[PDB]
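Residue numbers (the UniProt record's numbering), protein chains in the order written: chain A, 204 to 252, 264 to 316; chain B, 205 to 401, 403 to 466. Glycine is no exception: its CB is placed at the ideal position from the N, C-alpha and C atoms.
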RNA sequence: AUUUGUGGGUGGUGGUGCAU
């Protein structure tokens, strides 16, 4: 009975959400039908009418003129690099052995 | 004074945008970007009450349709107000995914981000959480290298601040094109941050944060070849004056082993 | 005139005990 009540509550909440969505859709439809043209005519009849920018333009011009990049990656430990190399070599050896066998 | 039909249409469009989170946009929102009085249309529609997905869709439509200066002004106003409202409403100062998508669209708009949005937030003095969110957004999505170097040189020419320092750290992590003038602006920022033993300064003798220390470490690791011999000596003097314990050693090693321009 | 042919990074808008 608790599970059935849960199912019923879920269905009721879904129905409420669907009703709200339908209401919102109807409102949006009425808006796009009338208020769209209204606001369009109103906006057509209406009217609605630098140091950082200068520095940015100067910097952009400078960067376009000259460029010097050297994004070197972080150097790992020598022991870690040796371990990685050994792992790669061991993987290669195991692959070769697997090729020789199967 | 706007007309009664104008006010009713704008209020209905604002209510529809507030009540809608998915689906299709209305013809009012589809024809609002084709007019010239978009600022007055938005002021009558009151976009400070819409939802995050609606704000993201409006920002995407503005970046797709509108022009440079109008898009910059609208993006500045709407994005600053919505980001401040979201950061105030979130008790832990967290951002929304649709707000992050709208910020990504406003950053893809090149003129609307640095001249309109990023400069106004730094001028309004965003907090450390907002500066970290902006740095995360700038590390996730990357704008053009010209606008990136422009924002970096602007934050270097501007005074010391938490948002400006976080922006400089994000720019040093992105590692865009650093020209001779951009490296000179970064060196001028470093010289204004370093102490002057006749006229001293608050930024000259103030304490720097760990974000500024990591920014200086990344700048010494990346743009060492953009600094000359005298600039490398000035960076070493700054690392001797206002250096650190663990991050400062790699910074001094990079400033001593880096090439010269 | 943003995108194309080639290299290329890839786990924390992390849960997290507890002390401060």
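Check                                                                                                                                                                      : Outcome
Return the first residue and the last residue of the alpha helix (DSSP H) that residue 230/A is part of.                                                                   : 205 to 233
DSSP state of residue 311/B, grouped into three classes?                                                                                                                   : helix
List the residues of chain A that residue 244/B touches, going by C-beta distances under 7 Å, in chain order.                                                              : 249, 251
Going along the chain, which residues of the region 271 to 288 of chain A sit with their C-beta nearer than 9 Å to a C-beta in chain B?                                    : 271, 272, 273, 274, 275, 276, 277, 278, 279, 280, 281, 282, 283, 284, 285, 286, 288
Of all the CB atoms in chain B, is at least one closer than 9 Å to the CB of residue 243/A?                                                                                : yes
How would you list, in chain order, the residues of chain B whose beta-carbon sits under 7 Å from the beta-carbon of residue 227/A?                                        : 223, 224
Taking the beta carbon of residue 306/B as the centre, do at least 16 other beta carbons fall within 10 Å, making it buried, or is it exposed?                             : buried
For a cutoff of 9 Å on Cβ pairs, would you count residue 346/B as touching chain A?                                                                                        : no
Report the neighbours of residue 269/A on chain B: residues whose CB is nearer than 7 Å to its CB, in chain order.                                                         : 357, 358, 361
Flag this pair as touching only if the region 271 to 280 of chain A and the region 251 to 264 of chain B have three or more C-beta atom pairs under 8 Å; answer yes or no. : no
Checking contacts by CB at 9 Å: is residue 233/A closer than that to chain B?                                                                                              : yes
Cβ closer than 8 Å: which chain A residues qualify as neighbours of residue 382/B?                                                                                         : 277, 281, 282, 283
Would the beta-carbon of residue 275/B fall within 9 Å of that of residue 316/B?                                                                                           : yes
Does any residue of chain A bring its CB to less than 9 Å from the CB of residue 386/B?                                                                                    : yes
Per DSSP, what kind of secondary structure is residue 256/B in: helix, strand or coil?                                                                                     : helix
Any idea what DSSP makes of residue 283/A, helix, strand or coil?                                                                                                          : coil
Sort 221/B, 432/B, 324/B, 300/B by Cα distance to residue 462/B and report the nearest one.                                                                                : 432/B
Is the CB of residue 239/B under 9 Å away from at least one CB in chain A?                                                                                                 : yes
Whole angstroms is fine: what's the gap from residue 225/B's alpha carbon to residue 226/A's?                                                                              : 14 Å
Over what stretch of residues does the alpha helix (DSSP H) that includes residue 353/B continue unbroken?                                                                 : 349 to 361
Can you find the residues in the same chain that come closer than 6 Å, C-beta to C-beta, to residue 399/B, ignoring five residues on each side of it along the sequence?   : 409, 410, 446
With DSSP run on the structure shown, which of helix, strand or coil describes residue 364/B?                                                                              : coil
Does the region 379 to 394 of chain B come close enough to the region 328 to 342 of chain B that 3 or more CB-CB pairs lie under 8 Å?                                      : no
The alpha helix (DSSP H) with residue 208/B in it runs from where to where?                                                                                                : 208 to 223
So does the region 283 to 297 of chain A actually touch the region 375 to 385 of chain B, counting three or more Cβ pairs closer than 8 Å?                                 : yes
Roughly how many angstroms lie between the CA atoms of residue 222/A and residue 208/B, to the nearest whole one?                                                          : 30 Å
Considering just the uninterrupted stretch of the alpha helix (DSSP H) at residue 418/B, what are its terminal residues?                                                   : 415 to 427
In or out: residue 249/B buried (at least 16 other Cβ within 10 Å) or exposed?                                                                                             : buried
Quick check on the DSSP output: what are the complete alpha helix (DSSP H) runs of length 4 or more inside the region 228 to 297 of chain B, in order along the chain?     : 231 to 235, 242 to 249, 256 to 269, 272 to 293
If you compare alpha carbons, which of 418/B, 347/B, 303/B is closest to residue 318/B?                                                                                    : 347/B
My guess is that residue 241/B and residue 246/A are in contact by the Cβ rule of under 8 Å, so how many angstroms apart are they, rounded?                                : 5 Å
Counting C-beta neighbours from all protein chains within 10 Å, is the total for residue 214/B 16 or more, i.e. buried, or is it exposed?                                  : buried
Over what stretch of residues does the alpha helix (DSSP H) that includes residue 392/B continue unbroken?                                                                 : 384 to 397
In whole angstroms, give me the CA-to-CA distance for residue 435/B and residue 459/B.                                                                                     : 15 Å
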